[PDB]
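The structure appears right after this line, and notes come after that.
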Amino acid sequence: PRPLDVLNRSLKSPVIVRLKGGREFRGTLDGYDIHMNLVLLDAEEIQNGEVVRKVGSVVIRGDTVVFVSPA
Amino acid sequence: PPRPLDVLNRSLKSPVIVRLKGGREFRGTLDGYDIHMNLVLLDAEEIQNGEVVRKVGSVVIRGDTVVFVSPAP
Amino acid sequence: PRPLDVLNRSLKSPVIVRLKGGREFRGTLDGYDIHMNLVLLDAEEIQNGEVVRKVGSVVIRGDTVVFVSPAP
Amino acid sequence: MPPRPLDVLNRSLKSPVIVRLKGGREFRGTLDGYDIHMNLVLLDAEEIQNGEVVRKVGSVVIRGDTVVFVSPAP
Amino acid sequence: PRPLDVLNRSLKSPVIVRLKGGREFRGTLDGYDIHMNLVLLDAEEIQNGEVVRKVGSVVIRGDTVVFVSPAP
Amino acid sequence: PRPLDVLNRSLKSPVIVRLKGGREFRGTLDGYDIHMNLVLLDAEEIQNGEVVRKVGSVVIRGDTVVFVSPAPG
Amino acid sequence: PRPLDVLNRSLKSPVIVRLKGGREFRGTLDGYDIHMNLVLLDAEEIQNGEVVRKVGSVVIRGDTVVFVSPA
Ligand SMILES: O=c1ccn([C@@H]2O[C@H](CO)[C@@H](O)[C@H]2O)c(=O)[nH]1
Ligand SMILES: O=c1ccn([C@@H]2O[C@H](CO)[C@@H](O)[C@H]2O)c(=O)[nH]1
Ligand SMILES: O=c1ccn([C@@H]2O[C@H](CO)[C@@H](O)[C@H]2O)c(=O)[nH]1
Numbered sequence: 003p004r005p006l007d008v009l010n011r012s013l014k015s016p017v018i019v020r021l022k023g024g025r026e027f028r029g030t031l032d033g034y035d036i037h038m039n040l041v042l043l044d045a046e047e048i049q050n051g052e053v054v055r056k057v058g059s060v061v062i063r064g065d066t067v068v069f070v071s072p073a
Numbered sequence: 002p003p004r005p006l007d008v009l010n011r012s013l014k015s016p017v018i019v020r021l022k023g024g025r026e027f028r029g030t031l032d033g034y035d036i037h038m039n040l041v042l043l044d045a046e047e048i049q050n051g052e053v054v055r056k057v058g059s060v061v062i063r064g065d066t067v068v069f070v071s072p073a074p
Numbered sequence: 003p004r005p006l007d008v009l010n011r012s013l014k015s016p017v018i019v020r021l022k023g024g025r026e027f028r029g030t031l032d033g034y035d036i037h038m039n040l041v042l043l044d045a046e047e048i049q050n051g052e053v054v055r056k057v058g059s060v061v062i063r064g065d066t067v068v069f070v071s072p073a074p
Numbered sequence: 001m002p003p004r005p006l007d008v009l010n011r012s013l014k015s016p017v018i019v020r021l022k023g024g025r026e027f028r029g030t031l032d033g034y035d036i037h038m039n040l041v042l043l044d045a046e047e048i049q050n051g052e053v054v055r056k057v058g059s060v061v062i063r064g065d066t067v068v069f070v071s072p073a074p
Numbered sequence: 003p004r005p006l007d008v009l010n011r012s013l014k015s016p017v018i019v020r021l022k023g024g025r026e027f028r029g030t031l032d033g034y035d036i037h038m039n040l041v042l043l044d045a046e047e048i049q050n051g052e053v054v055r056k057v058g059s060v061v062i063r064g065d066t067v068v069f070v071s072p073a074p
Numbered sequence: 003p004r005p006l007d008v009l010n011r012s013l014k015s016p017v018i019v020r021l022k023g024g025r026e027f028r029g030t031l032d033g034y035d036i037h038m039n040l041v042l043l044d045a046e047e048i049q050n051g052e053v054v055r056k057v058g059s060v061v062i063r064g065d066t067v068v069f070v071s072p073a074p075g
Numbered sequence: 003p004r005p006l007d008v009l010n011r012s013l014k015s016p017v018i019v020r021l022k023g024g025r026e027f028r029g030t031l032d033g034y035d036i037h038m039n040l041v042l043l044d045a046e047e048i049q050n051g052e053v054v055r056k057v058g059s060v061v062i063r064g065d066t067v068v069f070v071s072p073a
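Residue numbers (the entry's author numbering), protein chains in the order written: chain E, 3 to 73; chain D, 2 to 74; chain F, 3 to 74; chain C, 1 to 74; chain G, 3 to 74; chain B, 3 to 75; chain A, 3 to 73.
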């Protein structure tokens, strides 16, 4: 298929997003686009196992993503 | 289905926190934005892992610098 | 053979992907695209040539990739 | 219920501004112009590293790429 | 007198591909495209004189390449 | 598109260029182009304010530039 | 008065290429393109001032160039 297809197959389901530099985000994938900018709902920022803050929602720049996976 | 830029829009005039590469944060009112994700914040504060470094009437942030944007309160 | 061509010749077969900084993955190449983003089913993250974890599947930003090679 | 990023930049032509470059340094000068890329031109400006003035220049042309943020300095 | 041309005049011949970071690859140039992505057959990964891997073939993102040269 | 104009107003006049990282150049601006690649004549590589080496001319990649500023002195 | 024109005025002549990261290249400029990719003939990879390697020729990714100079 197309990687963007699998992304769409994950809408409304939980996911794990990895970022350059080390940090991770966990939550519900709401939307996305050709830049791979992502939108998460009810998410936690994670650094080396420990949470570093919760957020009602976030908009991440695709240019910061390494990979995304379902949980 | 809901898209990134859309959510930004749904947040114009309200307060937001902008993360940046390196670690410096910003808190202010999202005034505007363009397609390359540049941002415009009014009455914002630069945040150094905790404390406040500077306060500005307004600020024009390069999109290429942002890591994420989150609605505050 | 075109770079993108050789990749296609591997759809469904196992592969190893190496990202900038070390992180290596091992799984089935499900799909790809222009930019070179990749989708991998049933795969394991491997920085140190061993096994560090597993993930039903993953979508990788082509920007992150260094190389892709068929896992004999 | 207005703006755009490039607009606010225009709304500062001829006024003093603070420019934050990637790395750490900064520039303080009169915003003379800009463009799509977001390249900037500054007049009678100073380079500043962690507080100290490192050099004064008649004017400077800053590659958009280098910029982190621009703000009007009141 | 055309970087990509030189690359072409080496298909099927042995080459040295230097990546960013320090690592290297020695193998047979198979394919290539506009971006400068490469395809190598029967290659070995090299880090400061030592072989860290042998592979049937590899697809290298142009983005990673520092340089490519022929080896008699 | 005014920055590119300023560069033009300096063609043949001396200038100082700074590249991402730290290296600085001083010489006569000869040419330039959309991308911001530059051509300098009789230039010198610099640190701490003065001379460190010389080159009849150099072609810098716009991708490497941080800033250019006209400088007789 | 155009960068790419100066390169061309150096075809078949010795040049020095400085790449990000530190290392340099010395050799005869053979070719180049819009991406400023370069081709060198009979070149040496110099590091910290020591000849670190000789090659019959190299194709240097433009993206890795800092600057090119004659003589
Ligand atoms: O003179 C130029 C040419 C390009 N760019 C911008 O720099 C980036 C490429 O490094 C692109 O966003 C491009 O728009 C500039 O800032 N100035
Ligand atoms: O010869 C070139 C080609 C591109 N670029 C710049 O590098 C950016 C991305 O590498 C391009 O958008 C362009 O602004 C250069 O500096 N020199
Ligand atoms: O074969 C290629 C393809 C792209 N680039 C340039 O390298 C940069 C990659 O970020 C971009 O400016 C692009 O124009 C090259 O140097 N060579």
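From the three backbone atoms N, C-alpha and C, an ideal C-beta is built for every residue, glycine too.
Name the one or two DSSP bridge partners that B/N39 has. B/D35
Cross-chain neighbours of D/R63 in chain C, by beta carbon under 8 angstroms: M38, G64, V67, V68, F69
Do E/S59 and E/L42 come within 8 angstroms of each other at the CB atom, strictly closer than that value? yes
Return yes when at least one heavy atom of ligand 3 lies under 7 angstroms from the C-beta of B/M38, else no. no
Does the contact criterion of 3 or more C-beta pairs under 8 angstroms hold for the stretch 13-30 of chain A versus the stretch 53-67 of chain A? yes
Using CA atoms only, rank isn't needed, just tell me which of G/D44, G/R55, G/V8 is closest to G/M38. G/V8
With 16 as the cutoff for other CB atoms within 10 Å, does D/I48 come out buried or exposed? buried
Indicate whether C/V68 and C/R20 have their beta-carbon atoms separated by less than 8 angstroms. yes
Members of the stretch 23-34 of chain E near chain D, C-beta cut-off 9 angstroms: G23, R25, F27, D32, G33, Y34
Quick check on DSSP: helix, strand or coil for E/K22? helix
Taking DSSP as the reference, what is the three-state secondary structure of D/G29? strand
For B/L40, which residues of its own chain have a beta-carbon under 6 angstroms away from its beta-carbon, when the five flanking residues on both sides are left out? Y34, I62
Opposing strand residues paired with E/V60 [DSSP bridges]: E/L42
For A/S71, collect the residues of the same chain with a Cβ closer than 7 angstroms to its Cβ; drop the 5 residues on either side in sequence, then sort them by chain order. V17, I18
Buried or exposed, going by whether 16 or more other CB atoms sit within 10 Å of the CB of A/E52? exposed
If you draw a straight line from the alpha carbon of D/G24 to that of B/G23, how long is it in whole angstroms? 20 angstroms
D/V53 - DSSP class collapsed to helix/strand/coil: strand
Say whether chain A places a C-beta atom closer than 8 angstroms to the C-beta of G/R55. no
Output yes or no for whether 8 angstroms exceeds the beta carbon distance between D/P2 and E/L13. yes
Measure the C-alpha to C-alpha separation of A/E26 and A/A45 and round it to an integer number of angstroms. 10 angstroms
Is there at least one non-hydrogen atom of ligand 3 closer than 7 angstroms to the beta-carbon of G/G64? yes
Along chain F, in chain order, which residues have C-beta atoms closer than 9 angstroms to that of G/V41? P3, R4, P5, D7, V8
What residues of chain C sit near B/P72, judged by a beta carbon separation below 7 angstroms? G58, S59
Under 8 angstroms Cβ to Cβ from G/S15, same chain only, skipping five residues before and after it: list those, please. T30, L31, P72
Would you give the residue range spanned by the beta strand (DSSP E) that B/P72 belongs to? 67-72
Can you give the Cα-Cα distance for C/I36 and F/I36, rounded to whole angstroms? 27 angstroms
Leaving aside the five residues before and after E/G64 along the sequence, list all residues of the same chain whose C-beta is less than 6 angstroms from its C-beta, in chain order. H37, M38, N39
Specify the secondary structure class of E/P5 as computed by DSSP and reduced to three states. helix
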